[PDB]
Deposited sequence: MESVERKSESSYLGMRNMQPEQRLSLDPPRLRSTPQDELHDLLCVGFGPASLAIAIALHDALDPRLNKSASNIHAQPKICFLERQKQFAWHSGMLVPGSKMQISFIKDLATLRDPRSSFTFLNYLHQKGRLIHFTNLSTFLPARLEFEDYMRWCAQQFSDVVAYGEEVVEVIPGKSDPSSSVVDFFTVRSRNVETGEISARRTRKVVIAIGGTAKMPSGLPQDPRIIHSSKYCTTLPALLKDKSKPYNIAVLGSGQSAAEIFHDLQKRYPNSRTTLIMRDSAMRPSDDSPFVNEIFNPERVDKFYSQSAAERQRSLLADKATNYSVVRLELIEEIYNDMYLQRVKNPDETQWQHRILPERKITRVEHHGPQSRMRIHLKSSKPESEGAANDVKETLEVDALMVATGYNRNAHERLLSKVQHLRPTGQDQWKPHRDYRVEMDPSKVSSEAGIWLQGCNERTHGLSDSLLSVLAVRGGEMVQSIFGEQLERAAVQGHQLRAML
């Protein structure tokens, strides 16, 4: 229903990224325009992938959502929305079938399809294959001392051509970038977890071959990869390398998990920086460096069966090496394998591996580089973009028109809480964003 804006027109809103966060904004805008639900803006979305896809590099077989399907992209804002997960199922003729599953945790493949089904209804306003590379200040009058729009430049991921689009307002919703240990070198055989399903098969084409494959880390991504490798490459020898002493379980308990409630964002944001830092630390185990207990137990059971076959752990096909860090990687010459050097992680062993899967998490700072050509518009003394409660970043008012602005989505954990980077509050936050950006225009 949302109609396209011509590429060279002045947009009202341009969103960088079309993952769940921008999709929830698109959905919330649709719903706010729906006479059936409420009491058209010139909008477009740029997405570097060639079609909608949700962490496709980590769609390992059997992987599940880590959040109740009720926390979809609409329901917590309005269960009557056409964009609920249950309505998607009903449109697919699968609602009763999903009901008989008796699970709150769909396969990630299914929840990706739900979001693909939503995203297809916005295809007229999404430009796929466009990687935004810079955002530059615009002036309607060149002799004005005030920026009143932004030019967003994007690179065609197939041809390299640079496109430009003008917009009053920008949303940056680009998720995370791979965090690599600084000491690891670049090599086609060292692959971050985010590119597991998508590039490792190309590297290791023979599923029956006895590859040596190592996994670095001990959070959910590492555990899913380590566990999947033993099925994907049944004759491989896999090694899980972690600096902790053990995989530790994610905190799914209900009182702790109320920090993810949508209505907590007001209170979290109003707290002092010192309190927000302490709170995030105390609740870290709900999300970071932890594994769903059910997957830990599965891996533990697999280890036990190896113990039944051979009591000597050093002889096991699949091994966990706890409290170790990689200190050196040899990787030159035509030989297939790298030599990983391991030391204790407390305050030498070597391994010959065909590939090293690096499951060491994500950073959420890439908006600083994307926004570098407008960062002179920030107030003096800021080395970082500062979002208000409504996610609009602070601009020097002598330099930027009140009609122009930039909002950040998904990189605001420090100011808005641990739910900021997840699916947890997207339905409600998308509704807040539509009111913040479009509210006056709608009325």
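Give the ranges of the deposited sequence, numbered from 1, for which the structure holds no C-alpha coordinates, in sequence order.
Those parts of the chain that were deposited but carry no coordinates are 1 to 29, 69 to 75, 384 to 392, 489 to 501.
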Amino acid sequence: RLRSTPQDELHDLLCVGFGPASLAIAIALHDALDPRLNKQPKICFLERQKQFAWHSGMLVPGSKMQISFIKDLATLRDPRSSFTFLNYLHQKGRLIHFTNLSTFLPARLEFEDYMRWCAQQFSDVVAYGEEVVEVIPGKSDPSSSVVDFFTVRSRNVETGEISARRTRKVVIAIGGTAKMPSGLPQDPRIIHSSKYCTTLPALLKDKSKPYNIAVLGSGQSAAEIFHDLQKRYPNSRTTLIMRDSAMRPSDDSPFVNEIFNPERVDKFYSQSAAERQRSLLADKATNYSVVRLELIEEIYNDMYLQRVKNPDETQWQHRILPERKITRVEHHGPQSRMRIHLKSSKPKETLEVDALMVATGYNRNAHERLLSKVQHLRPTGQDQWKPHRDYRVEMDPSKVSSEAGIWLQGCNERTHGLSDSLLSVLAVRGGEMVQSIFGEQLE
From here on, numbers count along this sequence of modelled residues.
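If you superpose the two forms and keep the largest set of C-alpha atoms that fall within 1.5 Å, you have the rigid core.
So, in 7 other deposited structures of this protein, taking the root mean square over structures and residues of the Cα distances after a rigid core fit: is 276 to 284 or 155 to 163 the more displaced stretch?
If we average over structures and residues in 7 other deposited structures of this protein, the farther stretch is 155 to 163.
Positional deviation of Cα atoms in 7 other deposited structures of this protein after core superposition, greater for 318 to 326 or 334 to 342:
Greater root mean square C-alpha distance in 7 other deposited structures of this protein: 334 to 342.
Going by the B-factors listed in the PDB entry, is the mean over the C-alpha atoms higher for 159 to 167 or for 293 to 301?
Comparing 159 to 167 with 293 to 301, the higher mean C-alpha B-factor belongs to 159 to 167.
Given 411 to 419 and 58 to 66, the range whose Cα B-factors average higher in the PDB entry:
Looking at the recorded C-alpha B-factors, 58 to 66 comes out higher on average.
Kindly indicate the residue among 72, 141, 110, 130 with the greatest C-alpha B-factor in the PDB record.
Of 72, 141, 110, 130, 141 has the highest C-alpha B-factor.
Please work out which residue in 361, 210, 93, 175 has the highest C-alpha B-factor recorded for this crystal structure.
Of 361, 210, 93, 175, 210 has the highest C-alpha B-factor.
Taking the chain's C-alpha temperature factors as the reference, tell me which third residue 10 falls into: lowest, middle or highest.
Highest third, going by the recorded CA B-factors of the chain.
Considering every modelled residue of the chain and its Cα B-factor in the PDB entry, is residue 387 in the lowest, middle or highest third?
For residue 387, whose C-alpha B-factor we compare with every modelled residue in the chain, the answer is the lowest third.
Record-listed C-alpha B factor of residue 44: chain third:
Ranked within chain, residue 44 CA B lands in the middle tercile.
Comparing against every modelled residue in the chain, figure out the third that the C-alpha B-factor of residue 337 lands in (lowest, middle or highest).
It falls in the top third of the chain.
Could you tell me which third, lowest, middle or highest, the C-alpha B-factor of residue 251 occupies within its chain?
It belongs to the lowest third of the chain when residues are ordered by C-alpha B-factor.
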